[PDB]
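1. quick one: initial chain(s) of a complex, as found there:
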Amino acid sequence: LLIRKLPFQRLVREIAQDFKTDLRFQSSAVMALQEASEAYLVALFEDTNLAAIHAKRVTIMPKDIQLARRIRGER
Amino acid sequence: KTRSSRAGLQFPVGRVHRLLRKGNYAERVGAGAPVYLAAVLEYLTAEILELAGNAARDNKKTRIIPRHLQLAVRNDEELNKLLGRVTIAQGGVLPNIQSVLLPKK
Amino acid sequence: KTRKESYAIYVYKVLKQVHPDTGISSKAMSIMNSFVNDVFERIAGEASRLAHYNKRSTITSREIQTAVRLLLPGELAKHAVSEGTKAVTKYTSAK
Amino acid sequence: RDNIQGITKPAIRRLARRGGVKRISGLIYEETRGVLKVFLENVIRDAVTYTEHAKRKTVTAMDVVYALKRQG
Amino acid sequence: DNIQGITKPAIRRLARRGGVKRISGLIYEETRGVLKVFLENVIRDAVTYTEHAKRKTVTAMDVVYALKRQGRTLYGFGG
């Protein structure tokens, strides 16, 4: 694991507070959430790496991230 | 008498019940489910026909062509999100020229 | 000739109920029919899987409401939920 | 409140380093927190919907599993 | 081979609908290849559903289900 467990479960509790009050969570639920988020960001950073190497650079810019999410199909 | 008038809709409810029964989605099917589903389909039809009529009035037409449906679905954000992975035959593409390609003289 | 079921007269009723002075072509008829059949299949399949996931054998109004909540984005989902609840309530309260 | 800063600079650095990124700017962080927030907003609402329709007050792991299968 | 029928100005007009100002000459062969791959997958799925459903003639609704298998759904051809 890369992201620490307690900040990520604090974040998922804070974002689930906005949709239903007094919501309780299982521990394997937040572990699966952490694993899915890390897999998403690793795949994203690989795509932005190809975007950065395309434009003759080794430093990644945010415009690489908007290029990756635009070409990938998201908004 | 008929249950579409009883619910207060225009879409059929018995046809929706028969199509839910045929498709084997579950072993049992309730009574309020085709009423709710016909209401949902009628309301989605209400936005798309509203926005298509707005497009046709913009383009000075009285009959809706599929180009006006394409323009209506690709302009509203929620309808473009719901119908993102579809395509409309004889539709065309929204006008979008990127700014850096303009003749900046 | 065989009988083919379409939704053309009902969407023509909806179109004349909203914009009273507007026509429609047969091609646009075909795309609009395809839209309503596809959203029928999508909401129906989502409701079917929610029926299966809770060890339940019946499709009710709750399953269709949850399917509209999952499958439709934005305020369009909330307004469709309101329309469905109003139609179901006046159907049940009818004599 | 303001707990999006828990996704810190070296954690983002390791997430890029597993992906093979060599050099990272300073404006990368303020965009990747936004992308992670958007992804979590799109998952947790489906998890909440599944938990509410089953008439439960606890989000189980299985609800998360079907929530992720929603997006594919 | 009939892949040469997809001519140079046809890909030029496909570029112009997508909003392309300047086109290199090496685009065209790659475009022919990627359209070959896409059509090969689609007709494979269509003949699969037709051979399972047992007719000699492939109908449009079968390739609509083939496109719906790929998540590239089409409206307006009986779908």
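-> Nice, I can see it. Residues are numbered from 1 along each chain as shown, chains lettered A, B, ... in the order given.
2. which stretches in chain A count as helices?
-> Counting by DSSP state H, the segments of chain A that form helices are A:5-17, A:27-54, A:62-72.
3. can you tell me if the second one touches chain D.
-> What that stands for is helix A:27-54. Yes - Helix A:27-54 is in contact with chain D by C-beta under 8 Å from any C-beta of the partner chain, via A:28-29, A:31-33, A:36-38, A:40-46, A:48-49, A:52. Quick note: C-beta positions are derived from backbone N, CA and C, even for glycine.
4. please go through those residues and note which also touch chain E.
-> Answer for the residues of helix A:27-54 next to chain D near chain E: none qualify (C-beta under 8 Å from any C-beta).
5. got the phi/psi numbers for the residue in chain D sticking out farthest from the centre?
-> Using C-alpha atoms, centre = their mean, the residue of chain D lying farthest from its centre is residue D:55. It sits 25.0 Å away. Taking degrees, to the nearest 10, you get phi 60, psi 50 for the backbone angles of residue D:55.
6. buried subset of the residues of helix A:27-54 next to chain D as a PyMOL selection?
-> Filtering the residues of helix A:27-54 next to chain D down to the buried ones (16 or more other C-beta atoms under 10 Å in any protein chain shown) takes a single PyMOL command:
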select buried, chain A and resi 29+31+32+33+36+37+38+40+41+42+44+45+46+48+49+52
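7. do a quick rundown of the strands in chain B.
-> B:28-29, B:63-64, B:87-88 (DSSP state E).
8. and the second one, what does it pack against?
-> The criterion is 3 or more C-beta pairs under 8 Å, 6 or more residues apart in numbering or on different chains; DSSP states H and E, and the helices and strands that strand B:63-64 contacts are helix B:32-58, strand C:23-24.
9. run me through the strand neighbours of that strand, direction for each.
-> Applying DSSP bridges to the sheet, strand B:63-64 is found paired with strand C:23-24 (parallel).
10. then the first one?
-> Paired neighbours of strand B:28-29 in the sheet (DSSP bridges): strand C:58-59 (parallel).
11. wondering if the lengthiest helix in chain C reaches chain A at all.
-> For chain C, the helix reaching the highest residue count under DSSP H is reported as helix C:26-53. No - figure legend: helix C:26-53 not in contact with chain A (C-beta under 8 Å from any C-beta); closest approach 15.9 Å.
12. now for chain F, put it on the one above:
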Amino acid sequence: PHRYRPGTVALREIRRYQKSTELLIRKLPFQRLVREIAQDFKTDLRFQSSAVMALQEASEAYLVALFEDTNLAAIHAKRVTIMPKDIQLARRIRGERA
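-> That brings us to chain F, laid onto the chains above:
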């Protein structure tokens, strides 16, 4: 002899082909292409005309979406010309090529 500057006719053609809606690839070469591809899988198969029209529509949609993605990738590389590396990048980001 009057001559327009290089670049204006591209703007005119982009506007004219984004405003219109009629199909671009001619019918009979695409018919020959789909028959030749179907020759490889099974033999003596026959097509409806609506099937061929649907394949034309799907090919148009896929290639215009691919060219829009290629154009955005080309602008990101600080150029105007599209190049085959832009197409390869656009297909690698989607995941169509492993």
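13. excluding chain neighbours, what is closest to the residue most central in space within chain D?
-> By C-alpha atoms, centre = their mean, chain D has its centre lying nearest to residue D:40, at 3.9 Å. What sits nearest to residue D:40 in space, not counting adjacent residues and going by C-beta to C-beta, 6 or more residues apart in numbering or on different chains, is residue A:15, at 5.4 Å.
14. could you do residue B:27 as well?
-> Nearest non-adjacent residue to residue B:27, counting by C-beta to C-beta, 6+ apart: residue C:57, 4.6 Å away.
15. so that neighbour makes contact with residue B:25?
-> No - in this structure, residue C:57 is not within contact of residue B:25 by C-beta atoms under 8 Å, at 10.8 Å.
16. and for the residue nearest to residue B:27, the neighbour number?
-> By other C-beta atoms under 10 Å in any protein chain shown, 10 other residues sit near residue C:57.
17. contacts only, for it.
-> Applying C-beta atoms under 8 Å, 6 or more residues apart in numbering or on different chains to residue C:57 gives the contacts B:26-28, C:51.
18. can you do 6 Å?
-> Residues near residue C:57 by C-beta atoms under 6 Å, 6 or more residues apart in numbering or on different chains: B:26-28.
19. and those as JSON lines, adding distance to residue B:95 and neighbour count?
-> Output for these, formatted as JSON lines (distance: C-beta to C-beta, whole Å; neighbours: other C-beta atoms under 10 Å in any protein chain shown):
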{"residue": "B:26", "distance to residue B:95": "46", "neighbour count": "22"}
{"residue": "B:27", "distance to residue B:95": "51", "neighbour count": "10"}
{"residue": "B:28", "distance to residue B:95": "51", "neighbour count": "11"}
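20. relative to residue C:14, which of these is nearest.
-> residue B:26 (28.3 Å; C-beta to C-beta).
21. what's the spacing between the closest one and chain A?
-> The gap separating residue B:26 from chain A is 27 Å, by C-beta to the nearest C-beta, to the nearest Å.
22. swap in residue D:21?
-> Counting by C-beta to the nearest C-beta, the gap from residue D:21 to chain A is 5 Å.
23. that residue reaches residue A:49, doesn't it?
-> Yes - contact criterion C-beta atoms under 6 Å: residue D:21 and residue A:49 qualify, at 5.3 Å.
24. could you also fit DNA strand G onto it:
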DNA sequence: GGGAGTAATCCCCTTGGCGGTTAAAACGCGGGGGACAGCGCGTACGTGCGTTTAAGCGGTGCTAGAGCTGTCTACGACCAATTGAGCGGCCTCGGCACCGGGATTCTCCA
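-> If we add DNA strand G to the chains shown above, we get the following:
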């Protein structure tokens, strides 16, 4: 007693072809604006060091709420009767594409 094998059929649609012709791709060239290569700088980024903070581990207490059994009752499968909404055949007259003359509007270059 009813589903199904076999066959004749009236077609309905598919594929192939043949000549006109005419838009449309193919080609060639002039030439010019962008792709590409190289240099300068200065600015931002990796690395390292010292410190400060909080994550994780253990330990426990309370109690909400998932999970399951018992029972029944209102609700949905299911069947006979019937009947009007919704399908298809068909007639038309208007909506909209097309063509042309002219006004309008960008654009080039001297």
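25. could you re-examine the contacts of residue C:57 with DNA strand G now present?
-> B:26-28.
26. next, work out how far apart the residue nearest the centre of chain C and residue A:36 are.
-> The C-alpha lying nearest the average C-alpha coordinate of chain C belongs to residue C:40 (C-alpha atoms, centre = their mean; 5.9 Å). Applying C-beta to C-beta, to the nearest Å, the value for residue C:40 to residue A:36 is 31 Å.
27. ramachandran angles for residue F:82?
-> When read as degrees, to the nearest 10, the backbone of residue F:82 gives phi -90, psi 150.
28. contacting residues for it?
-> E:20, E:23, F:70, F:74.
29. returning to what we had before: how close does the residue farthest from the centre of chain D get to residue B:25?
-> 21 Å.
30. number of residues surrounding the nearest residue to residue C:24 once chain neighbours are set aside?
-> Of all residues not flanking residue C:24 in the chain, residue B:64 sits nearest, at 4.9 Å (C-beta to C-beta, 6+ apart). A total of 26 residues lie near residue B:64 under the criterion other C-beta under 10 Å.
31. ok, now residue D:2?
-> Look at residue D:2: counted by other C-beta under 10 Å, it has 6 neighbours.
32. do the one 5 residues further on as well
-> Residue neighbour count, defined by other C-beta under 10 Å, stands at 21 for residue D:7.
33. can you check residue D:56 too?
-> Neighbour count for residue D:56, taken as other C-beta under 10 Å: 12.
34. what's near enough to touch it?
-> Applying C-beta under 6 Å, 6+ apart, we find residue D:56 in contact with no residue.
35. three-state assignment of the residue in chain F positioned nearest to chain A?
-> Per C-beta to the nearest C-beta, residue F:93 is where chain F lies closest to chain A, at 4.2 Å. Following DSSP: H, G, I helix; E, B strand; the rest coil, residue F:93 is assigned to helix.
36. thinking it is in contact with residue A:47, fair?
-> Yes - counting by C-beta under 6 Å, residue F:93 does reach residue A:47; the two are 5.5 Å apart.
37. wasn't residue C:56 part of a strand?
-> No - counting by three-state DSSP, residue C:56 is not found in a strand; it is coil.
38. from residue C:66, how far off is it?
-> 12 Å.
39. more neighbours: which of the two?
-> More crowded of residue C:56 and residue C:66, by other C-beta under 10 Å: residue C:66, with 20 against 16.
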